[PDB]
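Colleague: any chance you can model this:
(3 chains, ligands or ions: 3)
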Amino acid sequence: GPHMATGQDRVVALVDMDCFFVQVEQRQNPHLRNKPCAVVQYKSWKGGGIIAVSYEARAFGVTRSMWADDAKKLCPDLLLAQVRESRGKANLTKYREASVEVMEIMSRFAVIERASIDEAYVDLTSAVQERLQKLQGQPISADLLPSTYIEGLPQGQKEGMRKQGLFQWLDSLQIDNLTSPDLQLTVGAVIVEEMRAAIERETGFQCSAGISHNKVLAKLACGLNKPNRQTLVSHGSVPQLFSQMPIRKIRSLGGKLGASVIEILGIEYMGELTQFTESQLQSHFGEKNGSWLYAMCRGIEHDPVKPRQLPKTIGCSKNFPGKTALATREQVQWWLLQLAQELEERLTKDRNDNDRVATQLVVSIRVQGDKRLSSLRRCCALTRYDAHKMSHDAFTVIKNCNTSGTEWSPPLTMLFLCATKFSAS
DNA sequence: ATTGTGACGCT
DNA sequence: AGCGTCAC
Ligand SMILES: Nc1ncnc2c1ncn2[C@H]1C[C@H](O)[C@@H](COP(=O)(O)OP(=O)(O)OP(=O)(O)O)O1
Ligand SMILES: [Mg+2]
Ligand SMILES: [Mg+2]
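Modeller: Numbering: from 1, shown residues only, chains lettered A, B, ... in the order given. Ligands and ions are numbered 1, 2, ... in the order given. See the structure here:
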């Protein structure tokens, strides 16, 4: 009743750049704009692996993780942009720098949590209070929400429907109550329209967004209407939305835990979780997961938007599949050196930009014929930004995996160097 | 022969 | 610390 808190205390947004690597390449090369086009890494094995897909190309069935030769079978006019290769490996610097452009603009409006290269959460609670008291009571015009969908409306042409739903929502709004969560979400959506407009004006990049009361709902909302649109998921919309929502669509339930929720409880949709007690869920999935599930099937989640605009780790990884697996000492050293040289470049730039130094080096490998993505992960001290030293140290830390009696056995199918444990500098 | 990331939990 | 999960 009155004492049942409803998870309506915050306004949270999730902003995701539409097919981001594709947009970066389309800005750089206007011949690629408004076309079926994809970004690919490498080119020799089956045309390269596709890692990003424009919405025009998705309409033909082109997806990430597809070989370019196969995507061309589905879409013969598919245009391709290749990731840069440096020191023998893909180098994602152009996309990291484009991401910083976008994150820096987002940070003008509110505090952000960089979730990935192309996604950030936004804590809009204080921004909305400021904008509300600036309003001083006047209603919110549909004109301020030109690309917003209100999930679940209308009830009782796509753009026509969008506007019908938005009118129904705005007519219902009690503007005089500055504490109404629905009003707070709406003002959040206004600010996110402004944020997205600034991003597109100042970078050329388009993005979609979700606006709700917590991170999981905002991310779910963001997926509902892409590309170049934003979706408001109100607390009231959760029962109908979750009633037919596959459990795997909720963030963190797309993997083995989600599968076990489905298998153990014999359900399919998020809303079905409401039938279980908190203790029942904890008994199946542990104290933390159980409490989290109990609240989240009711629309409630308390994970904070962390004030963190920069990555916590700086990593350099390469897979060596098939007959390209590394089999000699010289080979393992030369690739460790290539990785360490890219890492040194990125670390020196990071220290200059962001006033910090990494203090720990993580070295991870995969051996041929191991079924894990990671076979071993050991750390050592990272004391200076020297590629020769970092590569010698990573070797020193992995060398006792060689079981040869100049040769390397078993052959290595992945190398990975990660700088971690930053401290202010 | 999805790759190259990057965040977080468990013990 | 080292390993595992999750989401791209
Ligand atoms: N599995 C992956 N491997 C490599 N790069 C990836 C992978 N997933 C995503 N990326 C990169 C390329 C994408 O442009 C960028 C953002 O990923 P993501 O947001 O899932 O898709 P997207 O931005 O390409 O399209 P969407 O419009 O659906 O968001 O990160
Ligand atoms: Mg995206
Ligand atoms: Mg994303």
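
Colleague: count of residues packed around whatever residue of the stretch 1-150 of chain A ends up closest to DNA strand C?
Modeller: Closest residue of the stretch 1-150 of chain A to DNA strand C, Cβ to the nearest atom of the strand: residue A:116 (5.2 Å). Every residue, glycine included, has its C-beta placed from N, CA and C. Residues near residue A:116, counting by other Cβ atoms under 10 Å, number 11.

Colleague: again, but for residue A:411
Modeller: Count around residue A:411 with other Cβ under 10 Å applied: 19.

Colleague: same thing with residue A:351?
Modeller: 15.

Colleague: residue A:134 too?
Modeller: Neighbours of residue A:134 (other Cβ under 10 Å): 8.

Colleague: go on, residue A:297?
Modeller: Residue A:297, neighbours per other Cβ under 10 Å, totals 24.

Colleague: about what we covered before: how much space is there between the residue of the stretch 1-150 of chain A closest to DNA strand C and ligand 2?
Modeller: 8 Å (Cβ to the ion, to the nearest Å).

Colleague: then residue A:298?
Modeller: Distance from residue A:298 to ligand 2, by Cβ to the ion: 28 Å.

Colleague: next one: residue A:110
Modeller: Per Cβ to the ion, residue A:110 is found 19 Å from ligand 2.

Colleague: list the contacts for that residue?
Modeller: A:122-124, A:126-127, A:191, A:195 (Cβ atoms under 8 Å, 6 or more residues apart in numbering).

Colleague: what about 10 Å?
Modeller: Listed by Cβ atoms under 10 Å, 6 or more residues apart in numbering, the contact set of residue A:110 reads A:11-13, A:120-128, A:188, A:191-192, A:195, A:305.

Colleague: now, of the residues you listed, which are buried?
Modeller: Buried residues within the contacts of residue A:110, counting neighbours by 16 or more other Cβ atoms under 10 Å: A:11-13, A:120-125, A:127-128, A:188, A:191-192, A:195, A:305.

Colleague: in strands, which of these fall?
Modeller: Counting by DSSP state E, those place A:12-13, A:120-123 in strands.

Colleague: so the residue at the greatest distance from the centre of chain A is in which element?
Modeller: Relative to the centre of chain A, the most outlying C-alpha is that of residue A:405, 45.1 Å out, by Cα atoms, centre = their mean. Using DSSP states H and E, residue A:405 is not contained in any helix or strand.

Colleague: quick check: longest helix in chain A by residues?
Modeller: Using DSSP state H to define each element, chain A has its longest helix at helix A:329-354.

Colleague: who are the packing partners of that helix?
Modeller: In terms of contacts (3 or more Cβ pairs under 10 Å, 6 or more residues apart in numbering; DSSP states H and E), helix A:329-354 is packed against strand A:85-86, strand A:89-90, helix A:93-109, strand A:314-319, strand A:326-328, strand A:356-367, helix A:387-398, strand A:407-424.

Colleague: and if we set it to 7 Å?
Modeller: Applying 3 or more Cβ pairs under 7 Å, 6 or more residues apart in numbering; DSSP states H and E, one finds that helix A:329-354 contacts strand A:314-319, helix A:387-398, strand A:407-424.

Colleague: residue A:281 is nearest to which of the ones you listed?
Modeller: strand A:407-424 (33.7 Å; Cβ to Cβ).

Colleague: quick one: strands adjacent to that closest one?
Modeller: strand A:314-319 (antiparallel), strand A:326-328 (antiparallel), strand A:356-367 (antiparallel) (DSSP bridges).
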